[PDB]
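In: This one is an experimental structure. Sequence first:
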Amino acid sequence: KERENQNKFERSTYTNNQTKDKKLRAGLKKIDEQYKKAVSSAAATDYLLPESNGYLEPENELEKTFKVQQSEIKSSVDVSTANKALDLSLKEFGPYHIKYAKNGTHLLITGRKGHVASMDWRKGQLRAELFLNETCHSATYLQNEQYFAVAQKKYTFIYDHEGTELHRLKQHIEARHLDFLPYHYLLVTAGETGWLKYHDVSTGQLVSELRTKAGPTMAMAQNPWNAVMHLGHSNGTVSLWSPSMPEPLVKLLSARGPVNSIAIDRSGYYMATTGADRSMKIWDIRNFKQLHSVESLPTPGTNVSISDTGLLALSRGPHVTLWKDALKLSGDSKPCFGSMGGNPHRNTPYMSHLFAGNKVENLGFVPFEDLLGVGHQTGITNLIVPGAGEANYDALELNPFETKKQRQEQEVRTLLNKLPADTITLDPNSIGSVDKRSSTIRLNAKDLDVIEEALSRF
Amino acid sequence: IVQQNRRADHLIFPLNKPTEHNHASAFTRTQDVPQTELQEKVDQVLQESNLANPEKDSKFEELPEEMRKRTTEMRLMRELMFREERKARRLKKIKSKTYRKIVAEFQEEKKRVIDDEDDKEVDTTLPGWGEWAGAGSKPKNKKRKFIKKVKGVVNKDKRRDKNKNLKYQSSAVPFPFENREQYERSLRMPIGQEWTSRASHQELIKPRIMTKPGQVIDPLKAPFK
Amino acid sequence: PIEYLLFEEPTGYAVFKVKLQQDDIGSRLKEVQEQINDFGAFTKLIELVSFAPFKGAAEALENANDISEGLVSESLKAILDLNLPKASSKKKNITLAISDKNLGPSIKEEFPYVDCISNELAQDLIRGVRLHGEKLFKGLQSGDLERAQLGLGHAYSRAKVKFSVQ
Amino acid sequence: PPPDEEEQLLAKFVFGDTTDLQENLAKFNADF
Amino acid sequence: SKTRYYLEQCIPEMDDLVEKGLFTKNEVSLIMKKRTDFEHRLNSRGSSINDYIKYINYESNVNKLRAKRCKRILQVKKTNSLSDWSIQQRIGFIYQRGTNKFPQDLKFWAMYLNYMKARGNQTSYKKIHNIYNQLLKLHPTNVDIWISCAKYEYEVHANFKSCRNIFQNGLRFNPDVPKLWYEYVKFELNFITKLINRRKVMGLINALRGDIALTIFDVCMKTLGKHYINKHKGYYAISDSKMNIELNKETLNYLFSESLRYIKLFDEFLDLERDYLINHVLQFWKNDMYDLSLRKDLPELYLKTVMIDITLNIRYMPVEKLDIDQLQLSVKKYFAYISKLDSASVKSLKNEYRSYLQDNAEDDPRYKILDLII
RNA sequence: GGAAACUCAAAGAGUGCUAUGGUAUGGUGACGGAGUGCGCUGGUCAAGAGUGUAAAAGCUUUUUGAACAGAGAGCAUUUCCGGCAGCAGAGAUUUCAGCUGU
């Protein structure tokens, strides 16, 4: 009943800053008993969890972890993971924006010149290779490998599984950043115009057009927790947006200069933003505190990414550098680059790699595996990062081994339980409650000159 | 009994207990009259010479040096005694033994959102009424006359920074609760398959009234009212 | 309440135990009428508790004639006395579902604690177990049921017509 | 708390231990 | 899914089995992933009784490892907590699930019964009674289950009334195999032998006869004859009187061969009145069998029963005092047989001489016996 | 238009498979087993009562009692065991079965 890992499974509630009703008293007592039983029994599943997370540990004081080479990892790990660590050398079209499907089964690469390829990177099956000879910028899958949206010269296009064009969106005028919201079925679009557009993929209907009013959108990320969009502008300002409010939900002053990249944890708690002022900044999202401010990077961080197990992958051109346990509150988790004299209270890099020829275009962790796919000027490279993936997925949220029938039925079922775009709030648990107006107690309709003293009476 | 049926979490509507008859066993006779020719032959022989074993209970209900020396006749009587005889022998040994023993800039946006907050101190105090406004000729004091308070979204000393979907939230607190703390403590745990275990999911979704799908529900009967 | 079910068939006798009653009032409805076609829901109604197979085609023909003219044979007496609980004869008899309204009197003549039902509910329970057959029996019989049906039909017909091979 | 050989044998069965399997694959050296 | 239900039913015993400090978390995760494999193979499609059997073997192996680790770590032989019965209860439930799914392999049913009996004091004999009841319900015609049920409830519990009820119900169901008849006469002889030996023992320390076995012998002959004449000549009686008398002769041969086996394994019960209990089968075989076993064919069987009736007192050892008492009875038997028979006269004479010579200073009294039977 | 297939995908229809938790194992020493007591089932007999009648007989009875036959389908509680040896016994070196005390 005690369960040393309950507070992961606990659930916050409302507080005022007991009752005389017998029936209501016993009803609330049954509700508290059921909540305790449910938390305990849900937290006892960690026995049933099949796999264990990966790691790499130094076992010596001369053996630092950032100086461990990718060939040495590929020798030290098994043949299946060594074959997952792919490398495509696609030289002639531009730097390749990488994208993985939400289970790690499909890869979607876009060249800057025109070359968009959707493929099953772990078999050898490509299912779309289309050369759209205008400058493409980004792409994403929608709810499947079966549809993907590409952001072209101006218009965003939507292609089916084999690459036939389904849609040319006449809105979404100049996208540079696309991201799909999978529980809400919303393709979110931002770019050189100062506008943020939410487009419902299922109905086909443009849900929202929002003026950023801050020029072109330099970075864009999605909170996986509550589906609000963090856009980074040329002010050094991140703004958190929802498709209901025509104003940003929050505006944070992250950096000086512009904001080069944003990444959010999948728990929706931490956000790493890199500015062009050579400054990485780790942010608390829920309480909006600034946790860490790594200033004076040697060159501006062009990308950040956060794995499912909380690694932090920063990329500064040729270099990729990953820190472990950097998204924590304490000042001993501030990511350093060296430990001055061997200080154990300095978060040196967990591992680093140098793409010596080129400058990396973007970063993306492969979802349920221990790999980091970085797309760069001459194609794709996966890196075996051992701490970097949820070993125990849930197979009824999203399954890496899913079949054709399972894809069909899961598509219909998630389409059926698509969440409305109005339910996107800054916290997800605020659509069962009562208003923050409409008084917290329910109402019971019962509650619904001594002369002048004489001259008074006149 | 009406109160415990109102307070019971689950009513399984075969509630009057069905009179369970003795099960159709293969260790006995389900008619108690001889049903085959073999059975009537064996019983007429066995009633010529009965074997209810009261004689074979009294024969083996008879049997220090009885403990140490009699280690052969003890095993002989152990092999000899029948079912109820051995049950009575175990009870006799049990009763005998039991009778024997007992970041500087980050402050400008924070200051601007503090100013877009905090009770919104407007003043339209009186523009010109009564007191010869405009172009010199000052009035008297106490031009306090209108300091009304349009309520801000949160007061200044009740934030934590100091230290389309109002249809997805209910209008007031519903009936059986008295405050929204109680009501949201009801809503705080999801009963879904994805968020509970399988046993907890089943306990959370079984309904209160569980009837059988094709048999008559009789009125309640109590043990002598 | 339709508590037990007696299915006669050429390989032997089967006693099933009714788990869930089907609806009495909604017995003509579309979903109730096609739940006996779906096997995944019929197995929620019917469970096999006993199957006494015959000793051969001779006892098969004897029991086919006894079932045909509505009499309880000795193998019927054996399997019913093994399977049905010793209920009372004056208060809440055990309920057996048959398909033959003139075999019922022969069953109560032998077991007075058994009331027998063959109305439309017992009829479509019986035709559910006829429709599914070999799937309900879980693998416990020798001999394919249709092959025994061919043999028993030919034997019954030649007996009824007195077919002489001289 | 010492070890035991029967305990470690059926523990290698229960926990699914291929340690002796990889030891024999590394050891057998094609000696015939 | 129901594999999820069963797998999270497995968690309190390993809660307790980690708290009692014998297993660790990393090894109990290994036994849970093996048990996950097994539960998924059990309640998915395409299932097998070998999947059930391998799960039972794995659970017994982790039970034996748990007992070994308990004795080595805690130095007790049971922790008297949940984790010493939960795993045997799991094995019993895997058996119950398997016998509900595939109730057709008597190997698995008998493994269930063997494990449930060998569980010892912790099981209940009414729990064994329940699975005997449902197994005998599903297989009423398989006769070794009736023998095993009655053998468990007589040779372990000594419950004569219930054992008689089991044998009478089995003989109600299949009154056609002679094996159940022979085991019933064996049980009745064992019961009457234990009765008279407890009488002898109560005499030595301080009416009801084998006529039960003779009456079930009589109904054994009658119903086995009836079922053989109904089994052969199966569909109809379309057969002329040659084939009818051929059939009736063959059923007499069948039934009399079974009674020959009855006396052959009847002689070794020598603690009751074995002479009376064999002589009553002799007099039950001596009468007419409606197709002239004596006055026509089966004259070899008549000679066999005459030889049995002659040696029925001479069933003795080489100490031949009974022969010196009543060999004149055997001489009068040979004279009464050779007064009528033609070649059976010479056959019975040579056979009685060869039998007495094979069965029987000591050679000088045997020289008197050789001069007698010469 | 055509051809090929241990090619790759997108979908439709039908069929097969015990496809079986009407509220999930016999048991978190909070437990199990044994025994006792209560409870329950069936038939029989006796008594009561009604109804009927000249008397009856018969029939009815959610009325009680008796012995008998049982079911595994319920409920207690400190009656014992799931402690240790010595010893013989049981089955295939492991488990199983009772006496004298802790």
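Out: That came in fine, so what should we check first? Numbering: from 1, shown residues only, chains lettered A, B, ... in the order given.
In: What is the neighbour count of residue B:18?
Out: 9 (other CB atoms under 10 Å in any protein chain shown). Just so you know, the C-beta spots here come from the backbone N, C-alpha and C atoms, and that holds for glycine as well.
In: meant to ask about residue E:232
Out: Residue E:232 is flanked by 13 other residues according to other CB under 10 Å.
In: Phi first, then psi, for the nearest residue to it once chain neighbours are set aside.
Out: Nearest residue to residue E:232 in three dimensions, chain neighbours excluded: residue E:247, at 6.3 Å (CB to CB, 6 or more residues apart in numbering or on different chains). When read as degrees, to the nearest 10, the backbone of residue E:247 gives phi -60, psi -50.
In: what does residue A:305 give?
Out: The phi/psi pair for residue A:305 (degrees, to the nearest 10) is phi -150, psi 150.
In: pretty sure it is in contact with residue A:263, am I right?
Out: Yes: with contact defined as CB atoms under 8 Å, residue A:305 counts as touching residue A:263 (5.1 Å).
In: Please identify every residue contacting each of these two.
Out: Common contacts of residue A:305 and residue A:263 (CB atoms under 8 Å, 6 or more residues apart in numbering or on different chains): residue A:312.
In: residues contacting the residue nearest to residue E:232?
Out: Counted by CB under 8 Å, 6+ apart, residue E:247 has contacts E:229, E:232-233, E:239.
In: Quick check: PyMOL command selecting the buried ones in these.
Out: The buried subset of those, as determined by 16 or more other CB atoms under 10 Å in any protein chain shown, is captured in PyMOL by this line:
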select buried, chain E and resi 229+233
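In: and which of the contacts of residue E:247 is nearest residue C:136?
Out: residue E:232 (32.9 Å; CB to CB).
In: any idea how far residue A:396 is from residue E:7?
Out: For residue A:396, the distance to residue E:7 equals 15 Å [CB to CB, to the nearest Å].
In: Look at these two and report which has more neighbours.
Out: Comparing residue A:396 with residue E:7 by neighbour count (other CB under 10 Å), the higher total belongs to residue E:7, at 21 against 13.
In: Have a look at chain B and report its longest helix.
Out: For chain B, the helix with the greatest residue count under DSSP state H is helix B:83-100.
In: Please verify my assumption that residue B:222 contacts residue B:3.
Out: No: the criterion here is CB under 8 Å, and residue B:222 misses it with residue B:3 at 12.0 Å.
In: From chain C, how far off is the residue in the stretch 251-374 of chain E positioned nearest to chain A?
Out: Residue nearest to chain A within the stretch 251-374 of chain E: residue E:265 (58.7 Å; CB to the nearest CB). Distance, residue E:265 to chain C, by CB to the nearest CB, to the nearest Å: 25 Å.
In: what number of residues lie near that residue?
Out: Count around residue E:265 with other CB under 10 Å applied: 11.
In: Over in the stretch 101-250 of chain E, which residue gets nearest chain D? Let me know.
Out: Closest point on the stretch 101-250 of chain E to chain D, by CB to the nearest CB, is residue E:115, at 18.3 Å.
In: Next, find the distance separating that residue from residue A:430.
Out: As judged by CB to CB, residue E:115 and residue A:430 stand 56 Å apart.
In: Ok, residue E:169 next?
Out: According to CB to CB, residue E:169 stands 70 Å off from residue A:430.
In: which of the two has more neighbours?
Out: Between residue E:169 and residue A:430, residue E:169 has the larger neighbour count (other CB under 10 Å), namely 26 against 14.
In: out of everything not next to it in sequence, what's closest to the more buried one?
Out: Nearest one to residue E:169, counting by CB to CB, 6+ apart, is residue B:26 at 5.7 Å.
In: That neighbour against residue E:135, yeah?
Out: No: Residue B:26 is beyond contact range of residue E:135, at 9.1 Å (criterion: CB under 8 Å).
In: more neighbours, the two?
Out: Neighbours were counted for residue B:26 and for residue E:135 using other CB under 10 Å; residue B:26 has more, 25 against 22.
In: tell me the contacts of the more buried one?
Out: Residue B:26 touches C:82, E:132-133, E:136-137, E:149, E:165-166, E:169, counting by CB under 8 Å, 6+ apart.
In: for residue E:61, same thing?
Out: Neighbouring residues of residue E:61 by CB under 8 Å, 6+ apart: D:10, D:13-14.
In: Of the residues you listed, which is the most crowded?
Out: Going by other CB under 10 Å, residue D:14 tops the contacts of residue E:61 with 20 neighbours.
In: Surely that residue and residue E:33 touch.
Out: No: with contact defined as CB under 8 Å, residue D:14 does not count as touching residue E:33 (11.7 Å).
In: Just say helix, strand or coil for residue A:208.
Out: For residue A:208, the assignment made with DSSP: H, G, I helix; E, B strand; the rest coil gives strand.
In: can you list the residues of the stretch 201-350 of chain A near chain C?
Out: Residues of the stretch 201-350 of chain A lying near chain C by CB under 8 Å from any CB of the partner chain: none.
In: Tell me the residue of the stretch 201-350 of chain A that sits nearest RNA strand F?
Out: Nearest to RNA strand F, among the residues of the stretch 201-350 of chain A, is residue A:202, at 14.3 Å (CB to the nearest atom of the strand).
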